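Trainee: Could you have a look at this structure, given as structure tokens, before my questions?
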Amino acid sequence: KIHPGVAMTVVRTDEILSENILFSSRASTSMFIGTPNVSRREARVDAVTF
Amino acid sequence: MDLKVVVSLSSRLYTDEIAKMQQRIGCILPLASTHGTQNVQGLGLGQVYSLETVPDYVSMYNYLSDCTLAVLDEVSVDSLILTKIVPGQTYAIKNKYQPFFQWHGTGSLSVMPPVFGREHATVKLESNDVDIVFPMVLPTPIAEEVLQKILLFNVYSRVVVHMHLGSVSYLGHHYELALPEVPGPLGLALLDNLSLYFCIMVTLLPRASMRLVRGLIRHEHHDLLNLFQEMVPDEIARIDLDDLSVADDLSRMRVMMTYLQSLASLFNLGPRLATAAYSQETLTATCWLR
Amino acid sequence: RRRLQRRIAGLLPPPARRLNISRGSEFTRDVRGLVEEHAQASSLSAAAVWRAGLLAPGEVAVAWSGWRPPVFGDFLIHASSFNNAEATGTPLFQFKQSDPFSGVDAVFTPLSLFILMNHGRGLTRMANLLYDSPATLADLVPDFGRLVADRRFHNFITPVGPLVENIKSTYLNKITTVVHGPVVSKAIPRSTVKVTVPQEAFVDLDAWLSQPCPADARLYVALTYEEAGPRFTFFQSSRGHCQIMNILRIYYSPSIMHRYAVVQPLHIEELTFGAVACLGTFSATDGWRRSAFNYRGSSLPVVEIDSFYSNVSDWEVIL
């Protein structure tokens, strides 16, 4: 427990779970909504996956 | 059945990267998942083949057999679409690969990690800061020649004849391929299993066929016999001193043909494509997964 | 050439791969025409037959879609050689009998396949509880000791896929099994069928290693040759056959040197460390939900692979 001939500066990172607040102004972004088209992916032998 | 995987890029895409990707339309690309939409990470062979100096081809094979396969048909800015290759469907796969291997009529295609360089089959995407590389698709005999040339350079590395091994030769052109130095534990494990197979071959191999070829070299000269240079090997001399017996030979061949099928399946790494009716004027082939 | 347009109108339109829905609440007739698959069983009237469309050639069409109809293997077995308390979805194994004309075949569940390995030397409690006497099974294989001794037991047993129909006859049982295709039960209330493999004989190989998740995770059955008699293990993997023989050699790496150390292979035929065979594919996500199989007395753990596509293959030797 003697001191060595050198020192150290211990850096670490600490994660903090926050509860954010998002503001956004009116008419900031114009967006086009598409069409919800349905499909068939896989005809597995007992269940078909849409 | 609907096979359409749209891959949304998380950023934009410049016109040079668009024009480079648009030349590679119809080339086979692997995917991470099999779902509807995907992000750009996991696409291509680039996640296992990093931008380094050291490759590892057998790990890319273990990736390629694990992941699915898709064909690149539409590329746009911010999103490019792919068409999956599920077994049971029949696809039109165009020959849009720059080292031009001419395809056989109703032969068999075979996907492949990029043996002719990283920079050769790739697109640099600085915009999404990743790299999409394209797996090579070449016919199955030339694929076997490339695979055995890689393994032969892996075993001859502690010996040295280089350019006689480090360059594939096809009737269209002969091509150089990238030669690494060590495949790590996976290529050595493949060589381990093939060493088991080869050593058990030289256990159970018959002796009457050596007695055939020893007199046959002394009898006949052939292109199957010119590589011995009219010198029977000494192992033929020190094995053919015994007699010949047909019962132990039929006992030996019943394990020889039993093991050679599994040795044939020790070269089926990477998924295989069974093709049909390849037209040499449109460079596309009606092909499906085998 | 105007009848040609009528023929091509009868031939053109595939089932819709895409359909623009607006809401799910309306449930239009177009999306019903998308989601409907023609059945396989209907009542015995002209209206029900014409409505289900069984009489359409090749595939069902009322008066191609990526679906393949299954094929059924029809097997006649002795009522003693099989247990009628078996589950439906259990994979069986026809043994090629050595007579020129038989009529009656010989199939084996992996429970029944266990007691051919046990005698001469949990799971075994349930196995001996189901079949009382091994000697009524150990004569179906006439020369079991020689065939195990010269390591030719893999080429005489071929897999057959899971069972679907088992009529409860008294002397000569007829069972139906799906040797290829979508495994689905032939019951008048069409209910699903789960391939059941007992738990101690089914060791996973994905979690045995412990990112690209594929869809079709195959199921490999594996005969190996041990000094304690041969063993029938089952392996689930999401990889290729090229991958599966390498990783199964790595998995059996202690057992090969075990069999070598206790017994020197004095002849040339004892080198083969059995073989493997792909039994078919299933979905890698909801695969292998664990369940239980209850007899009257006891209960063993058993895996339940659901929605299996049976596809057997030839034997690839392990060494």
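Residues in the structure tokens are named by chain (A, B, ... in the order shown) and by number from 1 within that chain; ligands are numbered from 1 in the order shown.
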Please check the contacts: residues of chain C at most 10 Å away from chain B, using only C-alpha atoms, listed as a PyMOL selection string.

Mentor: chain C and resi 14-18+65-68+155+211-217+238-243+245-246+249-250+268-272+275+315-319

Trainee: When DSSP works through the backbone of this structure, what residues of stretch 8-213 of chain B end up as alpha helix (DSSP H), shown as a ChimeraX atom specification?

Mentor: /B:15-23,57-66,140-155,184-204,208-213

Trainee: With 12 Å as the limit and counting only C-alpha atoms, what residues in chain A lie close to chain B? Please list them as a ChimeraX atom specification.

Mentor: /A:37-44,48-50

Trainee: Mind running chain C against chain A at 8 Å and telling me each contacting residue's nearest atom pair with the distance in Å (one decimal), counting only C-alpha atoms, chain and number ascending, as a Markdown table?

Mentor:
```
| residue | atom | partner | partner_atom | distance |
| --- | --- | --- | --- | --- |
| C:17 | CA | A:39 | CA | 5.6 |
| C:18 | CA | A:39 | CA | 4.8 |
| C:19 | CA | A:37 | CA | 5.3 |
| C:20 | CA | A:37 | CA | 4.2 |
| C:21 | CA | A:37 | CA | 5.6 |
| C:22 | CA | A:36 | CA | 6.8 |
| C:66 | CA | A:43 | CA | 7.0 |
| C:67 | CA | A:43 | CA | 6.7 |
| C:182 | CA | A:45 | CA | 4.9 |
| C:183 | CA | A:45 | CA | 6.8 |
| C:184 | CA | A:46 | CA | 7.2 |
| C:192 | CA | A:46 | CA | 7.1 |
| C:283 | CA | A:44 | CA | 7.9 |
| C:307 | CA | A:46 | CA | 5.4 |
| C:308 | CA | A:45 | CA | 6.9 |
| C:309 | CA | A:45 | CA | 6.4 |
```

Trainee: Apply DSSP to the backbone of this structure and, from stretch 23-217 of chain C, keep only the residues in strand (DSSP E); write these as a ChimeraX atom specification.

Mentor: /C:71-78,91-95,107-108,157-166,172-182,194-198,216-217

Trainee: Skipping near chain neighbours, those fewer than 4 positions away, what residues fall within 12 Å of stretch 157-168 of chain B using only C-alpha atoms, listed as a PDB file with N, CA and C atoms, in the first residue's frame?

Mentor:
```
ATOM      1  N   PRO B  99     -15.314 -10.714 -64.222  1.00  0.00           N
ATOM      2  CA  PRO B  99     -14.447 -11.759 -64.776  1.00  0.00           C
ATOM      3  C   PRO B  99     -15.310 -12.741 -65.532  1.00  0.00           C
ATOM      4  N   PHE B 101     -16.752 -15.566 -66.987  1.00  0.00           N
ATOM      5  CA  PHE B 101     -16.773 -17.006 -67.172  1.00  0.00           C
ATOM      6  C   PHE B 101     -17.962 -17.354 -68.053  1.00  0.00           C
ATOM      7  N   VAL B 115     -12.989 -14.019 -55.019  1.00  0.00           N
ATOM      8  CA  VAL B 115     -11.636 -14.527 -55.135  1.00  0.00           C
ATOM      9  C   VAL B 115     -10.755 -13.638 -55.996  1.00  0.00           C
ATOM     10  N   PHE B 116     -11.343 -12.738 -56.775  1.00  0.00           N
ATOM     11  CA  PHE B 116     -10.588 -11.872 -57.666  1.00  0.00           C
ATOM     12  C   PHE B 116     -10.406 -10.475 -57.096  1.00  0.00           C
ATOM     13  N   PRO B 141     -17.515 -26.470 -62.281  1.00  0.00           N
ATOM     14  CA  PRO B 141     -16.137 -26.979 -62.450  1.00  0.00           C
ATOM     15  C   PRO B 141     -15.055 -25.946 -62.198  1.00  0.00           C
ATOM     16  N   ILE B 142     -15.257 -24.716 -62.668  1.00  0.00           N
ATOM     17  CA  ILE B 142     -14.272 -23.667 -62.437  1.00  0.00           C
ATOM     18  C   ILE B 142     -14.269 -23.281 -60.961  1.00  0.00           C
ATOM     19  N   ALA B 143     -15.414 -23.426 -60.290  1.00  0.00           N
ATOM     20  CA  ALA B 143     -15.481 -23.208 -58.849  1.00  0.00           C
ATOM     21  C   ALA B 143     -14.681 -24.254 -58.090  1.00  0.00           C
ATOM     22  N   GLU B 144     -14.759 -25.511 -58.529  1.00  0.00           N
ATOM     23  CA  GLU B 144     -13.952 -26.563 -57.922  1.00  0.00           C
ATOM     24  C   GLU B 144     -12.469 -26.322 -58.171  1.00  0.00           C
ATOM     25  N   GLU B 145     -12.127 -25.830 -59.365  1.00  0.00           N
ATOM     26  CA  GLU B 145     -10.735 -25.515 -59.673  1.00  0.00           C
ATOM     27  C   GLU B 145     -10.212 -24.387 -58.792  1.00  0.00           C
ATOM     28  N   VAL B 146     -11.042 -23.372 -58.547  1.00  0.00           N
ATOM     29  CA  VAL B 146     -10.649 -22.261 -57.687  1.00  0.00           C
ATOM     30  C   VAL B 146     -10.495 -22.726 -56.244  1.00  0.00           C
ATOM     31  N   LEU B 147     -11.428 -23.559 -55.774  1.00  0.00           N
ATOM     32  CA  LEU B 147     -11.387 -24.057 -54.403  1.00  0.00           C
ATOM     33  C   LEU B 147     -10.165 -24.936 -54.163  1.00  0.00           C
ATOM     34  N   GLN B 148      -9.875 -25.837 -55.100  1.00  0.00           N
ATOM     35  CA  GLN B 148      -8.700 -26.675 -54.946  1.00  0.00           C
ATOM     36  C   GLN B 148      -7.411 -25.894 -55.152  1.00  0.00           C
ATOM     37  N   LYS B 149      -7.426 -24.805 -55.929  1.00  0.00           N
ATOM     38  CA  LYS B 149      -6.228 -23.980 -56.031  1.00  0.00           C
ATOM     39  C   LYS B 149      -5.965 -23.240 -54.729  1.00  0.00           C
ATOM     40  N   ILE B 150      -7.033 -22.808 -54.056  1.00  0.00           N
ATOM     41  CA  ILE B 150      -6.893 -22.157 -52.757  1.00  0.00           C
ATOM     42  C   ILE B 150      -6.357 -23.137 -51.718  1.00  0.00           C
ATOM     43  N   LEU B 151      -6.892 -24.362 -51.696  1.00  0.00           N
ATOM     44  CA  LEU B 151      -6.404 -25.354 -50.738  1.00  0.00           C
ATOM     45  C   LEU B 151      -4.980 -25.799 -51.054  1.00  0.00           C
ATOM     46  N   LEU B 152      -4.626 -25.868 -52.338  1.00  0.00           N
ATOM     47  CA  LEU B 152      -3.272 -26.237 -52.714  1.00  0.00           C
ATOM     48  C   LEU B 152      -2.275 -25.144 -52.368  1.00  0.00           C
ATOM     49  N   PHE B 153      -2.676 -23.876 -52.449  1.00  0.00           N
ATOM     50  CA  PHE B 153      -1.786 -22.834 -51.955  1.00  0.00           C
ATOM     51  C   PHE B 153      -1.740 -22.821 -50.436  1.00  0.00           C
ATOM     52  N   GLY B 172     -11.989 -18.634 -71.912  1.00  0.00           N
ATOM     53  CA  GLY B 172     -12.211 -17.233 -72.228  1.00  0.00           C
ATOM     54  C   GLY B 172     -10.979 -16.388 -71.964  1.00  0.00           C
ATOM     55  N   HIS B 173     -10.338 -16.609 -70.819  1.00  0.00           N
ATOM     56  CA  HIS B 173      -9.155 -15.898 -70.356  1.00  0.00           C
ATOM     57  C   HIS B 173      -8.640 -16.643 -69.135  1.00  0.00           C
ATOM     58  N   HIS B 174      -7.343 -16.531 -68.872  1.00  0.00           N
ATOM     59  CA  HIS B 174      -6.811 -16.974 -67.593  1.00  0.00           C
ATOM     60  C   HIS B 174      -6.772 -15.784 -66.640  1.00  0.00           C
ATOM     61  N   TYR B 175      -7.101 -16.031 -65.377  1.00  0.00           N
ATOM     62  CA  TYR B 175      -7.249 -14.964 -64.399  1.00  0.00           C
ATOM     63  C   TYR B 175      -6.393 -15.224 -63.171  1.00  0.00           C
ATOM     64  N   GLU B 176      -5.856 -14.146 -62.614  1.00  0.00           N
ATOM     65  CA  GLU B 176      -5.196 -14.191 -61.320  1.00  0.00           C
ATOM     66  C   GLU B 176      -6.249 -14.110 -60.226  1.00  0.00           C
ATOM     67  N   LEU B 177      -5.948 -14.697 -59.073  1.00  0.00           N
ATOM     68  CA  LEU B 177      -6.825 -14.612 -57.916  1.00  0.00           C
ATOM     69  C   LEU B 177      -6.011 -14.277 -56.676  1.00  0.00           C
ATOM     70  N   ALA B 178      -6.680 -13.670 -55.699  1.00  0.00           N
ATOM     71  CA  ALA B 178      -6.007 -13.228 -54.486  1.00  0.00           C
ATOM     72  C   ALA B 178      -5.651 -14.418 -53.609  1.00  0.00           C
ATOM     73  N   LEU B 179      -4.381 -14.507 -53.232  1.00  0.00           N
ATOM     74  CA  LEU B 179      -3.892 -15.605 -52.414  1.00  0.00           C
ATOM     75  C   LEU B 179      -3.596 -15.107 -51.009  1.00  0.00           C
ATOM     76  N   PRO B 180      -4.357 -15.513 -50.004  1.00  0.00           N
ATOM     77  CA  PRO B 180      -4.015 -15.194 -48.618  1.00  0.00           C
ATOM     78  C   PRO B 180      -2.889 -16.100 -48.128  1.00  0.00           C
ATOM     79  N   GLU B 181      -2.558 -15.952 -46.854  1.00  0.00           N
ATOM     80  CA  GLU B 181      -1.434 -16.661 -46.260  1.00  0.00           C
ATOM     81  C   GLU B 181      -1.836 -17.701 -45.226  1.00  0.00           C
ATOM     82  N   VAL B 182      -2.964 -17.519 -44.549  1.00  0.00           N
ATOM     83  CA  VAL B 182      -3.413 -18.419 -43.492  1.00  0.00           C
ATOM     84  C   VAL B 182      -4.927 -18.289 -43.361  1.00  0.00           C
ATOM     85  N   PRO B 183      -5.670 -19.393 -43.344  1.00  0.00           N
ATOM     86  CA  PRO B 183      -7.128 -19.282 -43.227  1.00  0.00           C
ATOM     87  C   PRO B 183      -7.599 -19.360 -41.785  1.00  0.00           C
TER      88      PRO B 183
END
```

Trainee: Find the residues near residue C:125: any atom within 12 Å, counting only C-alpha atoms, skip ones fewer than 5 places away on the same chain, and give them as a CSV table (one decimal) with C-alpha atoms, in the first residue's frame.

Mentor:
```
chain,number,residue,atom,x,y,z
C,111,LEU,CA,-38.5,-45.4,-28.9
C,114,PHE,CA,-33.8,-47.6,-28.8
C,115,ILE,CA,-34.6,-51.1,-27.5
C,118,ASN,CA,-30.3,-51.5,-25.4
C,130,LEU,CA,-44.1,-49.3,-24.1
C,131,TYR,CA,-42.7,-52.4,-25.7
C,132,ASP,CA,-42.5,-55.2,-23.2
C,295,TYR,CA,-48.3,-43.0,-21.4
C,297,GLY,CA,-47.8,-44.9,-16.3
C,298,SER,CA,-45.0,-42.4,-16.9
C,299,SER,CA,-44.1,-39.4,-19.0
C,300,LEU,CA,-40.9,-38.5,-20.8
```

Trainee: Take atom CA of residue B:207 and atom CA of residue B:249 and report the distance between them in Å, one decimal.

Mentor: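 Here the two named atoms are 7.6 Å from each other.
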
Trainee: Atom CA of residue B:76 to atom CA of residue B:48: how many Å, to one decimal?

Mentor: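 Separating atom CA of residue B:76 from atom CA of residue B:48 is a distance of 25.3 Å.
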